[PDB]
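**Q** Fold the following for me, if possible:
(chains A, B, C, D and E, ligands or ions: 5)
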Amino acid sequence: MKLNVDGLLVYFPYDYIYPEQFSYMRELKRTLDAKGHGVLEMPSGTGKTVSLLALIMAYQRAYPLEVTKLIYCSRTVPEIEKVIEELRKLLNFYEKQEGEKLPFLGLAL
Amino acid sequence: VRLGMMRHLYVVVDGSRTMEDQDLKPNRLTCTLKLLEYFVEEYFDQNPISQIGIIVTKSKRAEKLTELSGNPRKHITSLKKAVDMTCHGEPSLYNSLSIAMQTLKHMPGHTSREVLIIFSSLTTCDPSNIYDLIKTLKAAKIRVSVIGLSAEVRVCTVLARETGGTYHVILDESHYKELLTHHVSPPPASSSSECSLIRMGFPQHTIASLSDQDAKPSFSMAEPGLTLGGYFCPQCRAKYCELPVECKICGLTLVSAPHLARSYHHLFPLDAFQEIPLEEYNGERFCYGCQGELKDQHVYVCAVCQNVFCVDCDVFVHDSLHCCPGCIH
Amino acid sequence: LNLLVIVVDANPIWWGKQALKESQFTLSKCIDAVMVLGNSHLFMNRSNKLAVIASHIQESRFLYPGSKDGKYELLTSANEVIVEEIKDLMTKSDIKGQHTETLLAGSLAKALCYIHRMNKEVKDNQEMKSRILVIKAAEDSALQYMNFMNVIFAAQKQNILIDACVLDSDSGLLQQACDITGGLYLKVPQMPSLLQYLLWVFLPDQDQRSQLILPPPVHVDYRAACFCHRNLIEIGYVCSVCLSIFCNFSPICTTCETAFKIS
Amino acid sequence: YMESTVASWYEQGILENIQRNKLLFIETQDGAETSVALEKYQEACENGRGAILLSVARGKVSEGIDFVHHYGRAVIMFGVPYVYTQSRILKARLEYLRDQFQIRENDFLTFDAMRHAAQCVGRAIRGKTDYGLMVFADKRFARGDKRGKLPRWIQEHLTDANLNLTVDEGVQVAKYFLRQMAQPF
Amino acid sequence: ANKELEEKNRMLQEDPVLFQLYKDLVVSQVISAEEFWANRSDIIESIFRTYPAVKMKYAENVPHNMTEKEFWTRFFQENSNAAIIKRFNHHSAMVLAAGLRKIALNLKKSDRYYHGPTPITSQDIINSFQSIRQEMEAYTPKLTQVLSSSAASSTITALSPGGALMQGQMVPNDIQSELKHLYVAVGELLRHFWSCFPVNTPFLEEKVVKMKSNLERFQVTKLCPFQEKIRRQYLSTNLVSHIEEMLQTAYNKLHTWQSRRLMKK
Ligand SMILES: [Zn+2]
Ligand SMILES: [Zn+2]
Ligand SMILES: [Zn+2]
Ligand SMILES: [Zn+2]
Ligand SMILES: [Zn+2]
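**A** Residues are numbered from 1 along each chain as shown, chains lettered A, B, ... in the order given. Ligands and ions are numbered 1, 2, ... in the order given. And now the structure:
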């Protein structure tokens, strides 16, 4: 599922995304393009993590110099474990799409 | 898709006091029993070879309201008697499923053993864990398809999906009718299911030979008076009042040809007819099925006979007749 | 009220055989007798309604959806429509040597769905007790057993009485059919006097049939046979898929191809 | 407050009827008891007994735990979550915010209540489109300010027709909504 | 343990039919009775299963110079505030613990169904078709042609009870019960005799029991005809021959299968 976002093309593992996901991605891309701190709210407990991670990875690929790395913080370790699971699934999907390993590292402290 | 024509089905009814709650227009238990009477009669009318059994569970104990039998009237009478049941206590899935398992364990392998638990009170107080019983159920290949009421019970969800049955929750009374009518039909046979030949016996109605000469008087076999004539058995040689029935001596099913013929339509399902609203060059005002003018913008057609049927004709054909009138030709 | 449906088996082969034989009985007189029966049925009451179906080897067609002789207008219309349509159907007909057996299951299916349509359309205030007065006139076809049994069971569920009036031949399938739904079975041996049989045995409706003396039902031989040589068998070995009555125990029934496991 | 309400229900017959209808579990300050109670609550949810877990909005259990399908199906909020008006730490935290950044004391207090309530009531919609209803048993939430400060996604679903339902009307509409959600897509 | 004796005592009078038939098998001294069986509050209980402490207290305080009413009285009897919450948590946990005590089908021949078990020149069709086409150029002959009085009278006479197509006793009451009882006895013993008869059972230990049951057939049918004789010599009316068919057919099956076994050997 490759989404032709206004800023660029962004990969996505799951089949379909709700319109609220489109709005989230476009607003997040606007904030990153402005390179200014901002705040936004999304209802779903899950799904926001995958959309955010996919958009950040695509933005990193497009403008690697713009963003050095992502620092994604969660309330509790049991919760951040689910985030690392989501990131692992996304990386597996992207690796299958590309056909080879890429210099991408992701870890939890 | 392989289908199990012969199935021994147990309709497990719960006499919980949650059944007391009148969520439906009449009392919940009364509505369930009234509709289950129709379910029993229709099940026997759509699967004569099959047989049914009712287990009523209340106050943490399960009692066999009626053992396995081929007579719908006896089960109907049991339902009518149970309508007045006190309806106080708490059900036990372990107890009910264990009773059903005890009765169904000695049943023949070829027949499909099935259980339909009409679950009303979400609670399940059991002497022993039911997850262990799930393993025995899977080993015994007893299909269990729960129908929950006003609750999506997790233990019953896992029961249904693990044992191969289906789980549902009542949206309303109309949907309850649909659920039970759907469960009436035989379920498809899965990989675990196995088929084997079953001995069958076909009796012939007999009467006095000639002017009551060398007659065969007899009363019945399960206050029966003397009967001049009736059904018999190839081996029992014992008079039977009504068919189909299992032998009380042989253990062999006695059943006539029409009863078997009643189930051929299951093997031969009717392909759905495409619904075309527009006339589509159909200049015949009169519907072929009913020879009546099409008052609605709807038409149905087969892939072989290519005939024209109205809404009522198509609905009736796919519901009850189970065969296309003109396409028979 | 009562909705009567006369399923006449007007088989051209057999009725034309009668015509060649120059016998006293003729299809014209049979149609006249059926017409008189329908007229009397509607004569019984205004609310009562009737319909007629004619059977042919190819298909089956409905014969029924001023007072020139001082006649009741409705019955006059019935007479004219049935006469014209039956003459048209008999006059126009293709020839197919391969198919000559009379068709009855399709006609009965048409009757059943017609009765269902009328029951839907009629007001719920009045209850309708439909009936099908089948009048067979030729031997049945073996290949029609399955469909005929389907329609018979549908009639049983829908509560319609199949009153059979076979003549010149005793169709075991048809007698079995009417026995299931409880309809009467009369085998008239005097074809010229057929109409008297209708105005007594068949004409009275189910409401009054119980409180009336009618000929006793004929014994029905519910025979079973194996699919090999077609002969009566008292013990059948059916499987769980075919549900087919067979000859003797076999490693695998041909109509199934299942991997039966011995034991 | 939870203990007082529980004690009153125990003195009356309501609590026994609730126990009969469904199992009841309560939260305590001690983490060991909290964990044991929640562990048993999960098994109760899996089984048909069901469970009613009484907890505190500020309780660490509320923030740590996440409710998913067939877990915390109906989220009940008994009273607007407000911290005691005697803890002097909040007095500094609040009057300083009034002095600097110009936030009204009542504004910040209602914000602290609404944010906490949204935190403790937003779990049922975790993911996978699992149905569930959030009932707030307090007329205060019906006030416009509370509704306005409520998160947009919940508020837009909320309507004036069901804004101030009586207890019985709320029960009936909850039953109907559960009926609607029971059926498949 | 005399479990068999206890079961016999339990069913001695609770169920009349079971003991009646079991005794009948011995009344004429047919066979030993060994083979017969060889071949074939709420609140206190809830507390008992709820509170293990109450169970231990009951065990230690079993009624001894006390009264159950006093024991009942003992039941109901911030520090207290937290005790209530703890008590509900523990009680619900105890209740929960008590409840958690340890193939697509394919076919090659379908016309067999189209012609099921029900059993069963060219110019003739042309001649019949043309003749019937020319038959009905005249219509509406109803005035006289359809029916005639003589034929109608013949039809009515036929419909008369003595006519064609229309062909046209509960005196004993007390004998009915005796016949029913005898039929029940025959069914009871035929059940075990036919239990494994249809199955070949080519095993020594399996065949021993069929041999014993086959001898039991002789031994029971020895006594049946004596009661038949007693009943027969009353009026010589309303013969009861259906019972004879069961015995004779069982004997025929026994002897035929014995001959088949000898042939197989
Ligand atoms: Zn038998
Ligand atoms: Zn139609
Ligand atoms: Zn068709
Ligand atoms: Zn054969
Ligand atoms: Zn087969």
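
**Q** is chain B contacted by the regular element (helix or strand) spanning residue C:145?
**A** Using DSSP states H and E, residue C:145 sits within helix C:145-158. Yes: counting by Cβ under 8 Å from any Cβ of the partner chain, chain B is contacted by helix C:145-158 at C:145, C:146, C:147, C:149, C:150, C:151, C:152, C:153, C:154, C:157, C:158. C-beta here means a position set from N, CA and C on the backbone, and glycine is covered the same way.

**Q** Quick check: residue C:4 touching residue C:51?
**A** Yes: using Cβ atoms under 8 Å, residue C:4 is in contact with residue C:51, at 7.4 Å.

**Q** Nearest to chain D among the residues of helix C:145-158 next to chain B?
**A** Nearest to chain D among those, counting by Cβ to the nearest Cβ, is residue C:157 at 28.8 Å.

**Q** which residues sit in contact with the residue nearest to that closest one when sequence neighbours are not counted?
**A** Leaving out its chain neighbours, the residue that sits closest to residue C:157 by Cβ to Cβ, 6 or more residues apart in numbering or on different chains is residue B:320, at 5.9 Å. Residue B:320 sits next to C:154, C:157, C:158 when contact means Cβ atoms under 8 Å, 6 or more residues apart in numbering or on different chains.

**Q** show me which of those residues neighbour ligand 2.
**A** Among the contacts of residue B:320, none lies close to ligand 2 by the criterion of Cβ under 5 Å from the ion.

**Q** Please pick the buried ones from those residues.
**A** C:154, C:158 (16 or more other Cβ atoms under 10 Å in any protein chain shown).

**Q** got CSV for the contacts of residue B:320, with distance to residue C:22 too?
**A** What follows is the contacts of residue B:320, written out as CSV (distance: Cβ to Cβ, whole Å):
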residue, distance to residue C:22
C:154, 41
C:157, 45
C:158, 43
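
**Q** Pick out whichever of the contacts of residue B:320 sits closest to residue D:98.
**A** residue C:157 (79.6 Å; Cβ to Cβ).

**Q** now the residue most central in space within chain D, what's its secondary structure?
**A** In chain D, the centroid-proximal residue (Cα atoms, centre = their mean) is residue D:77; its distance is 3.1 Å. Three-state assignment for residue D:77 (DSSP: H, G, I helix; E, B strand; the rest coil): strand.

**Q** Let me see the contact set for it.
**A** Contacts of residue D:77 by Cβ under 8 Å, 6+ apart are D:57, D:117, D:120, D:121, D:134, D:135, D:136, D:137, D:138, D:141.

**Q** which stretches of chain A form strands?
**A** A:2-4, A:9-11 (DSSP state E).

**Q** neighbouring strands for the first one, and are they parallel or not?
**A** Here strand A:2-4 has these sheet partners by DSSP bridges: strand A:9-11 (antiparallel).

**Q** Could you list the residues in contact with the partner strand?
**A** A:1, A:2, A:3, A:25, A:54, A:55, A:57, A:58, A:93, A:94, A:97.

**Q** Pick out the most distant pair among those residues.
**A** A:25 and A:97 (18.0 Å).

**Q** Comparing those two, which residue is more hemmed in?
**A** Using other Cβ atoms under 10 Å in any protein chain shown as the criterion, residue A:25 and residue A:97 rank with residue A:25 on top: 22 against 11.

**Q** for the chain, longest helix please?
**A** No chain specified, so I'll use chain A. For chain A, the helix that runs over the most residues, judged by DSSP state H, is helix A:77-98.

**Q** ah, I was thinking of chain E
**A** Longest helix in chain E, counting by DSSP H: helix E:204-232.
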